[PDB]
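Right, one structure below, let's go through it.
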Amino acid sequence: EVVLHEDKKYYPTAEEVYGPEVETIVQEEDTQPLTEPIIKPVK
Amino acid sequence: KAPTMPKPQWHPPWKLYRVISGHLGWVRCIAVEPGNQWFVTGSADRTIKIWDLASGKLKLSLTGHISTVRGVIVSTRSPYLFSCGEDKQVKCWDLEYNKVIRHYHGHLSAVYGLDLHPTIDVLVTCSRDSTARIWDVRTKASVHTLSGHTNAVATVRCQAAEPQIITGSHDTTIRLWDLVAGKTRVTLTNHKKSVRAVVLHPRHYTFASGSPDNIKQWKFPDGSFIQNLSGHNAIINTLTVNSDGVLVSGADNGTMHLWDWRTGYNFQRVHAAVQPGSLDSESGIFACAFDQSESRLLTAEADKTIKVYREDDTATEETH
Amino acid sequence: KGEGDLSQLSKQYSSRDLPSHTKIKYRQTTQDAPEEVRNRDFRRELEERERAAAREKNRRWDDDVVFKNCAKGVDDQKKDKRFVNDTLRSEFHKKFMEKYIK
Amino acid sequence: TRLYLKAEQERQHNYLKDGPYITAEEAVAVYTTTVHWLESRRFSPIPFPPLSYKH
């Protein structure tokens, strides 16, 4: 078994650098599109 | 056997329970709603983005800064947030439409910190050149330029009771301003190294300032040296205080020290890890803010990560 | 007594300084207007909100060929969504730098 | 071009310290398959060109 270059696990995983008790989230693509306001006024 | 040895009150410890990994750039300033629902951040990704405070998801990422975002705050009285960054720009992001509406102008260099007056609708901003400005919201007109420092003005907070405005600068001094006349009331020369964070309490008086030497603590009318705090000896960036007297100092080498307001007792001394990509010497805290509940303490760090902390429900980590 | 150029000393009525958005929206009653903040709990409400949001995510054809089986696809499976932030090693830069250059 | 060339010297550097990416059996198989193909083809190998080569 030899590792190929195209995956090449350079680093620890987040779960094993932070413990299995904390949470880790990788949010890099948002919900709730730009048209939808945050305050959502009286209408 | 020490003076004020027996009487700090026992605060419970804080622990991580999530990290939030979204930006591509140093996450740099955190604010959170008046209504507890969501929080907001800038970056050096040049993108503000807001996040669900409960589930941690990303609600939307809204952009428009030419360069990094050094400060972001969300107004209580009005339904719009304000932003400021090193593109010399200070913006009024309307929240009912997610778009810029005021776009303040006049700073001759980069823009570091901003803060809202909690009662009347002005806005006090601090820059790199030497000055701080009183922007009049609704007119986007500089009421005052607070020209009294000699170097960069790293942070500014403001309140309702006199003295109004507190500017801690990179020329090692604090000074306390008159909002009406514009002249400074009282400058505070201490802190061999520069002051970069002040915070106010918000129950009683007595604000506190942050610097690499000797985080100190003051008292609002005239300014009065109440106390200095212990040897948290990095080049600290943030101070935040909870309504039950706990106080977090966040620094540039990753270390963040919990305290209490009452005594000055260094409580927890927590130092977090980096998330896998970052090198070991890149941990550092740029923002920290409690919740409106003040059950959650959430810090924006140099590891392009928001770390969210909570209490711990034990009793036996008792005071020495 | 003789302020800077914005006050009286200049007639340069520049655009971008023209009376735009000249009235302020105050946060009305259905949002988090500060009268509805002066009493709210914020702690049990946050706790039930996250207690509700936490429970959301719940032969005879090819026997002359050499490599008769590689026996594994990725050698376990392919679902990571991991986040290296060293930007040359991030998987976004891997897919960028295999899509465009060839 | 900066990005390609530094990704390329990272992968040339990780060829050396991470061994050949092809196994011994995985290369002996290819080699044996080619000599079987070529001797079934009776492929006379190419000579080095003489100095007095015609064409």
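Counting begins at 1 with the first residue displayed.
Header says: electron microscopy, 3.4 Å.
Cβ atoms are placed via backbone N, Cα and C, with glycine included.
Lifted from Swiss-Prot, the feature list:
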{"type": "CROSSLNK", "residues": "A:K9", "note": "SUMO1 cross-link"}
{"type": "CROSSLNK", "residues": "A:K9", "note": "SUMO2 cross-link"}
{"type": "MOD_RES", "residues": "A:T31", "note": "phosphothreonine"}
| task | Enumerate same-chain residues with a sequence separation of six or more from the residue listed as 'SUMO1 cross-link' and a Cβ-Cβ distance below 8 A; give 'none' if the list is empty. | result | A:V3
| Collapsed DSSP category at A:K9 (SUMO1 cross-link) | coil
| request: Might you list, by sequence position, any residue in that chain lying six or more from A:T31 (phosphothreonine) with a Cβ less than 8 Å away from its Cβ? | output: none
